[PDB]
Amino acid sequence: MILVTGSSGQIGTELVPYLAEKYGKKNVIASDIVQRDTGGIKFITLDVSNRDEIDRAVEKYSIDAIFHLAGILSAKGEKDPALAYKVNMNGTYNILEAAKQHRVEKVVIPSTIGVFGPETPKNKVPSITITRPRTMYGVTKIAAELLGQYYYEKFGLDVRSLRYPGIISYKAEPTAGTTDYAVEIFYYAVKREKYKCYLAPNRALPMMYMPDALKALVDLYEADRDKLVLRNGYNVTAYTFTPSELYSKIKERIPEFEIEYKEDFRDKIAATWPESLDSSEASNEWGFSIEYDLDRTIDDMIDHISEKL
Amino acid sequence: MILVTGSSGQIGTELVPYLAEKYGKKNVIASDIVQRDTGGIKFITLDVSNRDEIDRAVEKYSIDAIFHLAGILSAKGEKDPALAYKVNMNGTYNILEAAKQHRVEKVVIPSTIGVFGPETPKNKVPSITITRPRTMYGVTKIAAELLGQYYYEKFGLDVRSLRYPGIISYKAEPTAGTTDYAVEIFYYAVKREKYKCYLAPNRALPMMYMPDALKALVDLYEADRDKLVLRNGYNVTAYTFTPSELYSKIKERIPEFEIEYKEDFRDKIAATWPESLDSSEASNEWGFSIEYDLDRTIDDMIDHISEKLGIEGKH
Ligand SMILES: NC(=O)c1ccc[n+]([C@@H]2O[C@H](COP(=O)([O-])OP(=O)(O)OC[C@H]3O[C@@H](n4cnc5c(N)ncnc54)[C@H](O)[C@@H]3O)[C@@H](O)[C@H]2O)c1
Ligand SMILES: NC(=O)c1ccc[n+]([C@@H]2O[C@H](COP(=O)([O-])OP(=O)(O)OC[C@H]3O[C@@H](n4cnc5c(N)ncnc54)[C@H](O)[C@@H]3O)[C@@H](O)[C@H]2O)c1
């Protein structure tokens, strides 16, 4: 059975039914400290910073695999680093130990471009590169990638991870995250309202659409245990763009749309990250691939965001 | 007022007296969960995994600086990673938060070449490079560097760190660690006994002599803030050699001594580390320098170890 922690997040919201559709409705169990509609799929409240709660859940549902999504993101982490550290650091440690302790075949941890810092090359950055994160979030994530690879090499625990860039999606509502401007913008656009962007006009960052984000995670998860070499830290991306670019492209569809720039601390966060990633390793080892280019995600988002507003 | 954490270790047993001679026994507080003779300097029992204990020591002694040495090393860390994670990771976070919450001006953390991994270049590795450690010890240490750099950037807490290579010394004795063979070999050499080395004969590693290791840590502590651009993660070294090489050089002084190689898990650890480091950033940003080259250290070690084992009466 599959346990998904932090199932109520941007990813978890869609990953759950995605998994249910592919593996069976009662072979998946959603969990978080905040509950949301799981379309019938079994849900349980689980605090990842409490080792006891994790063990008991693994016990009762005979957990076979774990998609560990619980954690605090970059923006919220800078507003409350003590919290980011507690849930991210203590949290992923607890799950690793709980997984190693019991009979857990696999554990997938989504990593982030946040593991990068200002010394990291800005373009075509490969998976093996400099990793000196400047945010509490990025520190806890690089720690996660290393802890996972260590548990694998040391105890054989099959933990894998890929680094997601900014993710565009419509099912889950934005949460003021560093890269969330790429989602908030569509909401203002469909309402033909002026949007106040918090990242610089030319703040280039790698991004991808949720559909490809989901497939990438499951493909990583379905990869043969003995065919993965990098295993942890796979750079994954679909395209790179600036807020200014996304704006103009959306304007081509909704010309009335207006935008203004009022950057804050989140732009300082984004400035420490690379603009584009090289994902050859993910494609070479487990065939990672994108089927939604920018044009396709823009139209798709407008379509979905308008229909639900 | 300086508080040294993990004072009973290789670095600690010699750093305390060093610090005391530089700033006065009265301005130095040694601490550890294991007490050892400190020679006059005040010693207190302090478990860094207990945030409360740290706050109390900092409060009572009005601590202005912390040399945070407490931790579980590479070898011991692999036999008990859970213990390593708890002491090194949460112990370092505890120190940083406690330093920040209180009024500690500086915190100095000794890191290690252990932060590097297979993907790290093997020769003349610069400070900013690939860091994919393959030991629990190394992961907790790179995390410490990052947490330390974060505490500065986020809260303005003045935290600095350098990465030590293998440290050779005659006062503190090896503790079945990874680079301890470089000290152990001298005890066997002086006694004209066959030394069983646990690292492969061609296992090249960066090393340095204790006196230079101590001076480097204190030089970083006193460094001008204006020049500290890297701040955390300064590579530091003196020389690089393989066990067979150190053996031969020692043999030049004591020919009636030999060695055999029976590698264990520690050689597997060493194999994921680089052979030599580039310590330019440290020299440029805060003046790091070496006083003991390989020959001077071999000869000084033979000297001290010989009298330590009573081969040549203390006079
Ligand atoms: N947001 C991104 O752009 C991004 C990109 C790459 C990787 N990631 C990683 O993916 C994971 C989640 O991503 P997301 O986009 O769904 O973020 P999200 O903010 O949408 O969801 C995170 C979830 O963590 C939950 N959570 C917080 N504390 C918890 C606890 N103690 N126990 C259980 N759940 C807890 C939250 O309630 C939330 O549902 C994180 O671990 C993050 O590091 C995020
Ligand atoms: N030994 C080396 O060659 C070397 C090289 C580079 C960096 N370092 C770093 O220097 C520090 C100490 O080095 P060392 O050579 O003196 O190692 P050591 O093994 O000689 O000493 C480590 C000390 O940590 C203490 N300790 C363990 N848990 C503790 C706790 N919970 N609270 C307080 N103390 C605790 C031990 O009792 C011991 O005295 C470590 O942080 C290590 O990562 C060591």
Side-chain angles (χ1 to χ4, degrees), chain A residues 5-15 31-34 36 45-50 53 67-77 83 86-88 90-92 109-114 137 140-141 144 161-167 169 172 174-175 177-180 207 213 236, chain B residues 5-15 31-34 36 45-50 53 68-77 83-84 86-88 91-92 109-114 137 140-141 144 162-169 172-175 177-180 182 207 213 217 236:
Chain A
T5 68
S7 57
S8 296
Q10 189 193 185
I11 298 166
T13 292
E14 299 183 56
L15 182 70
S31 69
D32 203 300
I33 51 174
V34 169
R36 300 191 188 306
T45 295
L46 173 55
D47 189 350
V48 171
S49 69
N50 188 294
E53 302 189 16
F67 283 81
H68 184 48
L69 275 34
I72 299 301
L73 310 187
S74 67
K76 175 63 176 183
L83 179 63
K86 187 176 184 176
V87 313
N88 294 3
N90 296 319
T92 80
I109 302 171
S111 194
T112 173
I113 43 172
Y137 169 67
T140 68
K141 302 308 292 189
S161 62
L162 76 186
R163 296 162 183 158
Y164 284 133
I167 301 175
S169 70
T175 52
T178 298
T179 65
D180 278 347
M207 297 253 189
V236 123
Chain B
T5 257
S7 66
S8 295
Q10 183 186 194
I11 298 173
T13 128
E14 290 187 53
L15 179 60
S31 78
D32 206 298
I33 50 174
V34 183
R36 285 288 181 58
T45 301
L46 178 57
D47 176 3
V48 176
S49 71
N50 179 304
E53 301 188 19
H68 177 49
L69 288 39
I72 301 305
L73 287 293
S74 65
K76 189 184 222 296
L83 181 48
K86 181 178 196 308
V87 293
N88 304 358
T92 298
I109 307 185
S111 189
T112 174
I113 52 184
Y137 172 64
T140 68
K141 280 298 177 173
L162 84 198
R163 302 167 172 155
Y164 283 130
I167 307 295
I168 301 173
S169 64
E173 306 195 10
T175 179
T178 299
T179 53
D180 283 308
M207 297 259 194
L217 201 65
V236 103

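Order of the sequence lines fixes the chain letters, A, B, ..., with proteins taken first and strands second; residue numbering starts at 1 for each chain. Both ligands and their constituent atoms are indexed starting at 1 by order of listing. No hydrogens, no waters, no symmetry mates; every other heavy atom, side chains included, goes into these values.
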Within ligand 2, which atoms have a heavy atom of B:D47 less than 4.0 Å away? 30 (C), 31 (N), 32 (N)
Please could you name the atoms of ligand 2 that B:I11 approaches to less than 4.0 Å, counting only its heavy atoms? 8 (N), 10 (O), 13 (O), 14 (P), 15 (O), 16 (O), 44 (C)
Around atom 19 (O) of ligand 1, find the nearest protein heavy atom and jot down its residue, atom name and distance. A:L73 CD1, 3.3 Å
Ligand 2-proximal atoms of B:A172, by part, heavy-atom distance under 4.0 Å: neither
Under 4.0 Å to a heavy atom of B:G12 - the qualifying atoms of ligand 2, by number: 16 (O)
What atoms of ligand 1 come within less than 4.0 Å of a heavy atom belonging to A:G9? 16 (O), 18 (P), 20 (O), 21 (O), 39 (O)
Heavy-atom contacts under 4.0 Å between B:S31 and ligand 2: side chain, backbone, both, or neither? neither
Backbone, side chain, both or neither: what part of B:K141 comes under 4.0 angstrom of ligand 2, heavy atoms only? side chain
Sort out for me which residue in A:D32, A:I109, A:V48, A:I33 forms a side chain to side chain contact (heavy atoms under 4.5 Å, CB included) with A:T5. A:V48
Between B:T92 and B:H68, is any pair of side-chain heavy atoms under 4.5 Å apart? yes
Which one holds for B:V87 and ligand 2: side chain close, backbone close, both close, or neither close, with close meaning a heavy atom under 4.0 Å? side chain
Could you list which atoms of ligand 1 come closer than 4.0 Å to a heavy atom of A:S8? 39 (O)
If you count the atoms of ligand 1 from 1 in the order shown, which ones are under 4.0 Å from a heavy atom of A:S111? 6 (C), 7 (C)
Could you tell me whether ligand 1 has any atom less than 4.0 Å away from a heavy atom of A:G91? no
Has B:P110 got any heavy atom lying under 4.0 angstrom from an atom of ligand 2? yes
Is there any N or O on B:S49 that sits under 3.5 Å from an N or O of ligand 2? no
Strictly distance-based, threshold 3.5 Å: is any side-chain N or O of B:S7 a donor or acceptor partner for the main-chain N or O of B:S31? yes
At under 4.0 Å between heavy atoms, is it the side chain or the backbone of B:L46 that contacts ligand 2, or both, or neither? backbone
Would you say A:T5 contacts ligand 1, with heavy atoms under 4.0 Å as the rule? no
Write out the residue and atom name of the closest protein heavy atom to atom 5 (C) of ligand 1, then the distance separating them to 0.1 Å. A:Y164 CB, 3.6 Å
Near B:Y137 (heavy-atom distance under 4.0 Å), the atoms of ligand 2 are 7 (C), 8 (N), 9 (C), 42 (C), 43 (O), 44 (C)
Atoms of ligand 1 less than 4.0 Å from A:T179 heavy atoms? 3 (O)
Do any nitrogen or oxygen atoms of B:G166 lie less than 3.5 angstrom from nitrogen or oxygen atoms of ligand 2? no
In ligand 2, which numbered atoms sit nearer than 4.0 Å to a non-hydrogen atom of B:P165? 5 (C)
Ranked by distance from atom 38 (C) of ligand 1, the top protein heavy atom is A:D32 OD2, 3.6 Å
